[PDB]
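Throughout, the deposited numbering is defined as the position within the sequence shown, counted from one, plus 280. Even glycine gets a Cβ: it sits at the ideal position worked out from N, Cα and C. One structure below.
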Amino acid sequence: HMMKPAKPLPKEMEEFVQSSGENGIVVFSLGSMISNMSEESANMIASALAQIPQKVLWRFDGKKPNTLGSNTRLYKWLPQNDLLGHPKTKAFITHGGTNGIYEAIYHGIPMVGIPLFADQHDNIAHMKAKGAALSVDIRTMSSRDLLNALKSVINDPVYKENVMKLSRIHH
Numbered sequence: 281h282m283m284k285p286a287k288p289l290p291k292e293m294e295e296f297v298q299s300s301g302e303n304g305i306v307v308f309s310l311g312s313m314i315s316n317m318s319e320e321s322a323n324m325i326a327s328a329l330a331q332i333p334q335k336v337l338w339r340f341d342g343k344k345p346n347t348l349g350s351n352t353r354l355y356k357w358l359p360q361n362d363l364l365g366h367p368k369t370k371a372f373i374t375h376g377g378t379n380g381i382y383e384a385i386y387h388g389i390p391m392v393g394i395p396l397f398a399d400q401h402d403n404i405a406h407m408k409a410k411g412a413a414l415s416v417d418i419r420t421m422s423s424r425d426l427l428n429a430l431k432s433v434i435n436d437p438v439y440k441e442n443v444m445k446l447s448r449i450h451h
């Protein structure tokens with residue numbers, strides 16, 4: 281692995297991240313297929329995210345979900361790598377592209393994959409077998425299923441321990 285250092289966040293974004301206190305944050309990025317899917321999918325995701333105490337930064341560019349939580353901010357662009365390096369970061373939600381999984385690995389951030397394409401399926405299945413991720417299919421699963429996965433990856437420290445083992449293979 282090359283090193284993948286983080287820089288500081290934009291000022292307004294750092295302030296939102298700090299507002300999470302001891303709860304910390306969840307980064308959902310890029311989420312690049314969500315806006316080609318139904319309004320319903322986005323609402324189901326938004327419902328799940330609204331039920332955790334963490335603040336959530338969601339890279340998103342569609343219509344605002346009607347079930348958006350007050351804990352969740354929507355951003356057309358994010359500095360994903362900088363967020364993943366932030367000490368407040370507890371979990372990463374991603375479709376499961378290679379680039380963003382390399383960054384999760386480097387920064388030691390466990391994952392909830394929302395895979396759609398073959399390579400994402402494969403990548404997330406590999407992270408899952410390593411103990412570093414859980415997965416949901418947003419086309420078949422419920423808001424509750426995603427919520428349960430989030431709570432697990434956020435709070436059970438063994439997921440983070442398992443992803444940090446992968447950077448030391450890589451280190």
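{"Item": "CB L446 to CB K408, shorter than 8 Å?", "Value": "no"}
{"Item": "Tell whether a beta-carbon distance below 8 Å holds between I381 and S321.", "Value": "no"}
{"Item": "Cα-Cα, which of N316, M324 and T369 is closest to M391?", "Value": "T369"}
{"Item": "Secondary structure at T374, three-state DSSP: helix, strand or coil?", "Value": "strand"}
{"Item": "At which residue ranges does the stretch 419 to 444 contain complete beta strand (DSSP E) runs of 3 or more residues, listed in the order of the chain?", "Value": "none"}
{"Item": "Counting only runs of 3+ residues fully inside the stretch 315 to 395, write out the beta strand (DSSP E) ranges in chain order.", "Value": "335 to 339, 352 to 355, 369 to 374 and 391 to 393"}
{"Item": "Distance, Cα to Cα, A429 vs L414?", "Value": "6 Å"}
{"Item": "Buried or exposed, going by whether 16 or more other CB atoms sit within 10 Å of the CB of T378?", "Value": "exposed"}
{"Item": "Determine the closest residue to residue 271 out of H281, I385, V416 and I434, with distance taken between C-alpha atoms.", "Value": "There is no way to answer for residue 271, as the model of the chain reaches only from 281 to 451."}
{"Item": "Roughly how far, in whole angstroms, is the beta-carbon of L337 from the beta-carbon of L358, given that I think they are within contact range, below 8 Å?", "Value": "6 Å"}
{"Item": "With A413 as the anchor, note down where its beta strand (DSSP E) starts and where it stops.", "Value": "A413 to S415"}
{"Item": "Out of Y386, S300 and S312, point me to the one whose CA is closest to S350's CA.", "Value": "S300"}
{"Item": "I'd like to confirm the pairing. Which residues does DSSP put opposite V307 in its beta bridges?", "Value": "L337 and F372"}
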